[PDB]
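Enquirer: before the rest arrives, take these chains from my complex:
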Amino acid sequence: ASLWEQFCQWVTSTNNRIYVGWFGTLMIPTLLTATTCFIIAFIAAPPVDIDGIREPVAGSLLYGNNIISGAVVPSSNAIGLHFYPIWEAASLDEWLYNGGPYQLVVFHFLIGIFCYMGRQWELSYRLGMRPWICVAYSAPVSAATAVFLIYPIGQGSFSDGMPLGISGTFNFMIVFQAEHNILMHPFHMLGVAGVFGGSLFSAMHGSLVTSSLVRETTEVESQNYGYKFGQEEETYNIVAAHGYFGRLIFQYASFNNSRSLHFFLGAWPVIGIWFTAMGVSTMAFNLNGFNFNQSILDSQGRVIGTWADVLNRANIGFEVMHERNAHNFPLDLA
Amino acid sequence: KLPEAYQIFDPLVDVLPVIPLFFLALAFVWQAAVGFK
Amino acid sequence: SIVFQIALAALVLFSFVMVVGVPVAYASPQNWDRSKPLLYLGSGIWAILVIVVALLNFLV
Amino acid sequence: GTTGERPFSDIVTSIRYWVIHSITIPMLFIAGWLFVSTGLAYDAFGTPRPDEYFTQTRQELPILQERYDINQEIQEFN
Amino acid sequence: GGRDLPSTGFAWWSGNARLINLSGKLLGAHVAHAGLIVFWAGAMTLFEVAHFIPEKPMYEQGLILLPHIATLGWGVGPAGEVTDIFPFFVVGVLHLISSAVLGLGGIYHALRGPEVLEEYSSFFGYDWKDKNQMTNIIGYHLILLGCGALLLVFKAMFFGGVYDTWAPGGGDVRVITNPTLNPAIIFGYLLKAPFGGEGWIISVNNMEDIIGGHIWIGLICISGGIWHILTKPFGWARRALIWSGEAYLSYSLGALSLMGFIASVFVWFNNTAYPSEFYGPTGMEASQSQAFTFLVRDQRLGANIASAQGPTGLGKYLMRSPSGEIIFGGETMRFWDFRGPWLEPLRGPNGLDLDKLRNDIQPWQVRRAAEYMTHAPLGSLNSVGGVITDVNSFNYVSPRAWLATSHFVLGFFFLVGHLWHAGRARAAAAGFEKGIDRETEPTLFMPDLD
């Protein structure tokens, strides 16, 4: 009726090709801003003094990077955790030199992904669905927040956020392992179980459904054409799949309830990723992985090495080389 | 440490804080006794 | 000084007997006629033991 | 849905199972215990005792280097 | 109410959902759980007292509750030396006994007390849709919360004071005689940017601000409590919110997630409400301390630390912040917003002052910097202190690390719980929390997208 009411019905409309919604009213601008700035910076940003030592790092394609080595470089260590929008730079060149694009892209991206999760809830509400797809999506959101915001907060600088690049990601991981022994952190082990097991369960579920497909096609056409979109009947024989799997391992380890099976499929990777996100978020406060360096002594008192000691040697090798000009004092506390 | 008069119950205070974990476990014991109705 | 030790050990013993008895008595509606007065008496005696422990703290 | 065998819950809730196993299970437990605590495991597997990682003549890691005569190599390592 | 799946519709693993409409049983659950909280407070306090070596610093002994009592001004003197161990014991004992009482009441209500309270009393009986009654419970609890804030104020002002790490003459327990009631300061804290150098409310740096803000909080809470006792929700609130027990739970979950995140940040950064005397240094403090320690050492060796340039060309010991302030050099440049009682005496209007650095450094500052540098909040999960490549002989993890990590994790999972319950409350209010109705599946009546 009223103009505002009409606008409300448009934004919350389920007939839009892309659902907008109220969370979308924030998601779309912030995500577009982040995407445009990211593309521009990745192509053409000038080098960024990430470590705050006047040692600029070239991240963009036009300054000699390929796709693998290119990145949007985290803002300068001199900035620390200070807010550095464009309007606090003396010029655009200064803003670029100090890594302002990283802050712009990251802040907009984070707002965008939280609004994406809210938008998932919103559309589920408009369509009469159950509301918990956004809960599953909260796992990747938690991980991204850990690596882009929480870890820089705990470490005290956005220069210690994950770079927006492939090789930058690897650098982040290697330094992280050198400083926190993330491999020996049980939450990262749970994350590995989450992703290995999620892939395992994806492979099993897909293979068991594909294995039990009901015959509806000929040997020529794709078996995919045996399923018609919106058909009421089941397209595979879950009882045959259960018979096969319960004989592969044993009867009582096999799901015969599709609903319990799909809940398990949702829950395993999501929980694993929640745990690994919390692992990164707590290593942000330097509660690190297990330290068994020199845990085994012989009777005299000489250290007997274990694989943990070899791992520590690798960590030290990474530790002494990283950011080779940035440290003045013996302990890497910052 | 505990005031001198109390250090004979020192090995009891050593185990007190962990009790609520036992409460959480006891919930499952009770549900198991009723057959998880 | 040994009286304080005895009182505190008695208080721990009575805490154990209360911790056992209270949930059973509250969850046995048939035996509520004789377990409600026992609950009253036990709560009173437990409070008495706590008060005695508190006084002997300053007396020892 | 039973493939023929007795259900596990029935077996493990029965008195006879527990008369058997209140003995069998502890005996294997203390058999493994005695395997460790008598020093049998050290000698069987060749694992050094805490005082035998190094000897009064070998202060370095006894890393094997010879391709075929490892028995003599280990003996000279002590 | 039923106690199984057929009669409730909830499995055992969601059994507490069976309590949603059994107000007496729900009250019992809440009271017993409160008993659990108070029990942990008392038992952990007694454990910490028993495992307390009172001449060693609190943060060296894995203590998280005793620092809270010490900050309140109990059992400590100048620099945080533990004078009397008895008050810690008293706090623990009182919490333990009261937990016994609370557990007794929670058990009574959960097991024998009336199932529902509405036919027993209008005052305690409630319905989730009864907006006036829900706001009444809000009002009562707001009055209580304001009273607790005023209890903090009364302790700081009339009952011996609180520990002031910024006290002249050394950090000490002092009585706050002039809390800042000026609403400009108090509520301008809420407007400060949550970024480096501003620190939205984490930057509160003097007990006068803390106590004055608590006076304001007490007044706000009590007045809001009265306001909610005497009114009902307005039309806009009624049209905007879901009015159900699970909805109220979800609202509280969101609030709790926010508070958990705030507390983790607060303990990580703030050294006023969390004095380093009891909680150890912040990470920023330890980094700055290392820079100071080597400035002092090298200056004693004869280095002219004002003019010594490092390998990159920046000053090794001193440099400028991006706004020009004189700050410690090295990686600790990121931590130049740090303020601490041991370092501010060497700070001039422009930042670190060369004259003070060259002739005003006291031996106690050197000792404090060495201690803070060596107790940096870095440690392994199995409590091996120092950087992760260090060897096993230093058993230390900062209490700040424990508190910050734990409460960030709890904040995150309570955000997850808020999402879960908010979505469920919406779906249940709209009536599709049990799945799509085949007859009236909404998408079947929608135009195709393309």
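Expert: Ah, there it is. Residues are numbered from 1 along each chain as shown, chains lettered A, B, ... in the order given.
Enquirer: report whether stretch B:30-37 contacts chain D.
Expert: No: on the criterion CB under 8 Å from any CB of the partner chain, stretch B:30-37 is out of touch with chain D, staying 11.7 Å away. Bear in mind the C-beta positions are built from the backbone N, C-alpha and C, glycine included.
Enquirer: does that stretch come close to chain C?
Expert: No: between stretch B:30-37 and chain C, judged by CB under 8 Å from any CB, nothing touches; the nearest distance is 10.0 Å.
Enquirer: is any residue of that stretch near chain A?
Expert: No: judged by CB under 8 Å from any CB, stretch B:30-37 and chain A are separated, with a smallest distance of 15.0 Å.
Enquirer: which other residues reach that stretch?
Expert: Residues lying outside stretch B:30-37 but in contact with it, judged by CB atoms under 8 Å, 6 or more residues apart in numbering or on different chains, are E:3-5, E:12, E:15.
Enquirer: closest to chain B out of those residues?
Expert: Among those, residue E:4 lies closest to chain B (CB to the nearest CB), at 3.5 Å.
Enquirer: secondary structure for the contacts of stretch B:30-37 - can I get that in CSV?
Expert: Shown next, in CSV, are the contacts of stretch B:30-37 (DSSP: H, G, I helix; E, B strand; the rest coil):
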residue, secondary structure
E:3, coil
E:4, coil
E:5, helix
E:12, helix
E:15, helix
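Enquirer: excluding chain neighbours, give the residue nearest to the residue in chain E positioned nearest to chain A in space.
Expert: In chain E, the residue that lies nearest chain A is residue E:423 (2.7 Å; CB to the nearest CB). Among residues not flanking residue E:423 along the chain, residue A:131 sits closest, at 2.7 Å (CB to CB, 6 or more residues apart in numbering or on different chains).
Enquirer: which ones are touching that neighbour?
Expert: Residue A:131 makes contact with A:121, A:124-125, E:422-424, E:426-427, E:433, according to CB under 8 Å, 6+ apart.
Enquirer: go on, residue E:384?
Expert: Residues counted as contacts of residue E:384 (CB under 8 Å, 6+ apart) are A:291, A:293, E:390, E:392, E:394-395.
Enquirer: do residue E:392 as well
Expert: By CB under 8 Å, 6+ apart, residue E:392 lies in contact with A:291-295, E:384.
Enquirer: could you measure from it over to chain B?
Expert: 24 Å (CB to the nearest CB, to the nearest Å).
Enquirer: quick check on that residue: phi, psi?
Expert: Torsion angles at residue E:392 (phi, psi; degrees, to the nearest 10) stand at phi -80, psi 90.
Enquirer: what's the answer for residue B:9, then?
Expert: Per degrees, to the nearest 10, the backbone of residue B:9 is at phi -100, psi 20.
Enquirer: let's add chain F too:
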Amino acid sequence: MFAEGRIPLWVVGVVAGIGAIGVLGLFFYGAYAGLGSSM
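Expert: Below is chain F, added to the chains above:
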């Protein structure tokens, strides 16, 4: 107990679970004592 001739399965579960908890507790204790304790 409540029925004659058999043990309730929940009692068996409680006993086995307590045994398992004790085994893991012994292993965690040994992480701090004897070999492998860094002392």
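Enquirer: same question on the contacts of residue E:392, but now with chain F added
Expert: Each residue near residue E:392 by CB under 8 Å, 6+ apart is listed here: A:291-295, E:384, F:38.
Enquirer: dump those residues to CSV, plus secondary structure.
Expert: Shown next, in CSV, are the contacts of residue E:392 (three-state DSSP):
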residue, secondary structure
A:291, coil
A:292, coil
A:293, coil
A:294, coil
A:295, coil
E:384, coil
F:38, coil
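Enquirer: state the helix or strand in which the residue nearest to residue E:266 when sequence neighbours are not counted lies.
Expert: Distance criterion CB to CB, 6+ apart; nearest residue to residue E:266, sequence neighbours excluded, is residue E:202 at 5.4 Å. Assigning secondary structure by DSSP states H and E places residue E:202 outside every helix and strand.
Enquirer: surely residue E:202 meets residue E:271?
Expert: No: using CB atoms under 8 Å as the test, residue E:202 is too far from residue E:271 to be in contact (10.2 Å).
Enquirer: neighbour-wise, which of these two wins?
Expert: residue E:271 (23 against 19; other CB atoms under 10 Å in any protein chain shown).
Enquirer: how near is the residue nearest to the spatial centre of chain C to residue A:75?
Expert: The centroid of chain C falls nearest to residue C:46 when counting by CA atoms, centre = their mean (2.9 Å). Taking CB to CB, to the nearest Å as the measure, residue C:46 falls 62 Å from residue A:75.
Enquirer: can you tell me the centre-most residue of chain B?
Expert: residue B:19 (2.4 Å).
Enquirer: list the contacts for that residue?
Expert: Residues counted as contacts of residue B:19 (CB under 8 Å, 6+ apart) are E:39, E:43.
Enquirer: flag every buried residue along the helix or strand harbouring it.
Expert: Using DSSP H and E, residue B:19 falls within helix B:19-33. Neighbour counts over helix B:19-33 (16 or more other CB atoms under 10 Å in any protein chain shown) mark B:20, B:28, B:32 as buried.
Enquirer: okay, now residue 3: neighbour count?
Expert: Assuming you mean chain A. 7.
Enquirer: wait, chain D
Expert: Neighbour count of residue D:3, defined by other CB under 10 Å: 8.
Enquirer: that one and residue A:247 touch, don't they?
Expert: No: Residue D:3 is beyond contact range of residue A:247, at 9.4 Å (criterion: CB under 8 Å).
Enquirer: ramachandran coordinates for the residue nearest to residue E:266?
Expert: Dihedral angles phi and psi of residue E:202 (degrees, to the nearest 10) take the values phi -60, psi -20.
Enquirer: grab the nearest non-local neighbour of residue A:308.
Expert: Nearest one to residue A:308, counting by CB to CB, 6+ apart, is residue A:292 at 4.0 Å.
Enquirer: so who does the one you found touch?
Expert: Here residue A:292 is in contact with A:184, A:306, A:308-309, E:382, E:392, F:36, F:38 (criterion: CB under 8 Å, 6+ apart).
Enquirer: add one more, call it chain G:
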Amino acid sequence: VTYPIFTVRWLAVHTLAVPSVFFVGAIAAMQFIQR
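Expert: Just below you will find chain G, in place on the chains above:
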């Protein structure tokens, strides 16, 4: 009713559980070795 006692399932159960309990006893004993 009146099932066989020994089966393939019995053997599969014991082939695992028996050395498992033996090994657990061994590791428990290791918890008390002193250097």
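Enquirer: since we added chain G, can you redo the contacts of residue E:392?
Expert: A:291-295, E:384, F:38.
Enquirer: which of the residues you listed lies closest to residue A:273?
Expert: Closest approach to residue A:273 among these (CB to CB): residue A:291, at 25.1 Å.
Enquirer: what's the neighbour count on the closest one?
Expert: Neighbours of residue A:291 using other CB under 10 Å come to 27.
Enquirer: from the centroid of chain F, which residue is nearest?
Expert: The C-alpha lying nearest the average C-alpha coordinate of chain F belongs to residue F:19 (CA atoms, centre = their mean; 2.0 Å).
Enquirer: ok, now how distant is the residue nearest to the centre of chain B from residue A:60?
Expert: 59 Å.
Enquirer: the residue nearest to the centre of chain C contacts residue C:15, doesn't it?
Expert: Yes: using CB under 8 Å, residue C:46 is in contact with residue C:15, at 7.0 Å.
Enquirer: so what sits against both of these two?
Expert: By CB under 8 Å, 6+ apart, residue C:46 and residue C:15 have these common neighbours: residue E:100.
Enquirer: could you check how far the residue nearest to the centre of chain C is from chain A?
Expert: Counting by CB to the nearest CB - residue C:46 and chain A are separated by 41 Å.
Enquirer: so who does that residue touch?
Expert: Shown in contact with residue C:46 (CB under 8 Å, 6+ apart): C:11, C:14-15, C:18, E:100.
Enquirer: could you find the closest non-adjacent residue to the residue in chain A positioned nearest to chain F?
Expert: Using CB to the nearest CB, the closest approach of chain A to chain F is made by residue A:295 at 4.6 Å. Distance criterion CB to CB, 6+ apart; nearest residue to residue A:295, sequence neighbours excluded, is residue F:38 at 4.6 Å.
Enquirer: near chain F, which residues of chain D? Just list them.
Expert: Selection of chain D residues close to chain F by CB under 8 Å from any CB yields D:9, D:12-15, D:18, D:50.
Enquirer: any of those buried? List them.
Expert: Listed as buried from those are D:12-13, D:18, D:50; burial here means 16+ other CB under 10 Å.
Enquirer: report the two of those separated the most.
Expert: Between any two of these, the greatest separation by CB to CB is 44.9 Å, found for D:13 and D:50.
Enquirer: neighbours of residue E:208, just the number please.
Expert: The local packing of residue E:208 (other CB under 10 Å) involves 19 other residues.
Enquirer: nearest residue to it in space, ignoring adjacent ones along the chain?
Expert: The nearest residue in space to residue E:208 (CB to CB, 6+ apart) is residue E:180, at 5.0 Å.
Enquirer: for residue A:92, see how far away the one you found is.
Expert: Distance, residue E:180 to residue A:92, using CB to CB: 41 Å.
Enquirer: who has more neighbours, those two?
Expert: When neighbours are counted by other CB under 10 Å, residue E:180 comes out ahead of the other of residue E:180 and residue A:92, with 18 against 10.
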